[PDB]
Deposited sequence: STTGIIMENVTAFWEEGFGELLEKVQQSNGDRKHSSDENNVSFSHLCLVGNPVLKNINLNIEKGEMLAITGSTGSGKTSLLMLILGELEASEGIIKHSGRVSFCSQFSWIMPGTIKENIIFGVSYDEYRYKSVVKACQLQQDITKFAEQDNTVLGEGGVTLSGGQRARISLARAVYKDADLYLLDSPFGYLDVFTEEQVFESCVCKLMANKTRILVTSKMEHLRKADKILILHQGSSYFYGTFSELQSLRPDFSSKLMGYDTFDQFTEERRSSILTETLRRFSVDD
């Protein structure tokens, strides 16, 4: 499946801020009648990758909830059909082995498993443990690094057979060379033909995306190709492409540069 949004708007409604909270004054935002997103348009073909970036708290997560149906479109048309698979920014971990976490509630299939494991770069993790992917974890799997938890929860989501993959900021940790190999192997090759939406703050991901959506304040700052971006948003581009290794700054620096840049160039 592809995905289409034509001129979609969505309001704060009772309970969405708390959902937002799990997944990453609400009353007043529902009382007053307020768009969390306004005039969103995107059109994404089967098998393409949409990269979503923007300033912090611009509605990135919220756009995924709307896809998931947890937020409601008060206006506009959304089309997409099929199973969706959601990897949240929170990396949840269930009691059981690493392997049991990746296949959680889904049947085991060897070729599929081994291939997901290799492309999420889990082979370098599990090889440090005496029982490898049979190692037992407690929930939160709290002695692992953030990147280890995020790769296991990415592998779980990519292993789900679905028509659309929603991946909310997996690449936000310090082990930055691993993240680059995950993006190239999992998101770019293994998933090359699965429709997919990657929320992100690395410019390489916009560079390889089929489509790009930049959000600011609940609003679409830009939407189209990386090439259209360089030509239609030149102040944004020149500033962002003008660092020499932006993608290796910490997630917080990158997101703060993005926010400031989006603030400057509205």
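Next item on the list: Take the full deposited sequence, match it to the modelled residues, and report the stretches without C-alphas.
Entry: Unmodelled stretches, in sequence order: 1 to 2, 27 to 41, 284 to 286.
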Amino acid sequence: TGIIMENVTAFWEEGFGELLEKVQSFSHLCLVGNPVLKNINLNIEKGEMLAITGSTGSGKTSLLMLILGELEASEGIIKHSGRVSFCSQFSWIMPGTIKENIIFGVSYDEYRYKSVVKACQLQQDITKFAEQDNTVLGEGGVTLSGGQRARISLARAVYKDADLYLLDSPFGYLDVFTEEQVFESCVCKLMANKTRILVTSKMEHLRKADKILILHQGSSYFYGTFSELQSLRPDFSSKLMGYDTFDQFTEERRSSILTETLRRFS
From here on, numbers count along this sequence of modelled residues.
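In this text, rigid core is short for the largest set of C-alphas that superpose within 1.5 Å between two forms.
Note to self: Between 138 to 146 and 124 to 132, which has its CA atoms farther from the current form in 6 other deposited structures of this protein, using a rigid core superposition?
What the structure shows: More C-alpha displacement in 6 other deposited structures of this protein shows up in 138 to 146.
Check: When the other entries of this protein are compared, is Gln24 unmodelled in at least a third of them?
Finding: Other entries vs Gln24: at least a third skip it.
Notebook entry, point to check: 55 to 63 versus 26 to 34: which one carries the higher mean Cα B factor per the record?
Noted result: The entry gives the higher C-alpha B-factor average to 26 to 34.
Item checked: Stretch exceeding the other in mean C-alpha B-factor - 90 to 98, 67 to 75 -> Looking at the record's C-alpha B-factors, the answer is 67 to 75.
Note to self: Among the choices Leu50, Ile214, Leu229, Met203, identify the one whose CA B-factor in the record is greatest.
What the structure shows: Comparing C-alpha B-factors across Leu50, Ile214, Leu229, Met203, the top value belongs to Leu229.
Note to self: Sorting by Cα B-factor within the chain, modelled residues only, which third would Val199 end up in: lowest, middle or highest?
What the structure shows: Lowest third of the chain for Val199's C-alpha B-factor.
Next item on the list: Within this chain's modelled residues, let me know which third the CA B factor of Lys128 belongs to: lowest, middle or highest.
Entry: For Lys128, whose C-alpha B-factor we compare with every modelled residue in the chain, the answer is the lowest third.
Checklist line | Third of chain Cα B-factors occupied by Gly146 | finding: Lowest third of the chain for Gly146's C-alpha B-factor.
Notebook entry, point to check: Within this chain, which third does the Cα B-factor at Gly172 fall in: lowest, middle or highest?
Noted result: Within its chain, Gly172 is a lowest-third residue by C-alpha B-factor, going by the deposited values.
Next item on the list: Can you work out whether the C-alpha temperature factor of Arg83 puts it in the lowest, middle or highest third of the chain?
Entry: Its C-alpha B-factor belongs to the highest third of this chain's values.
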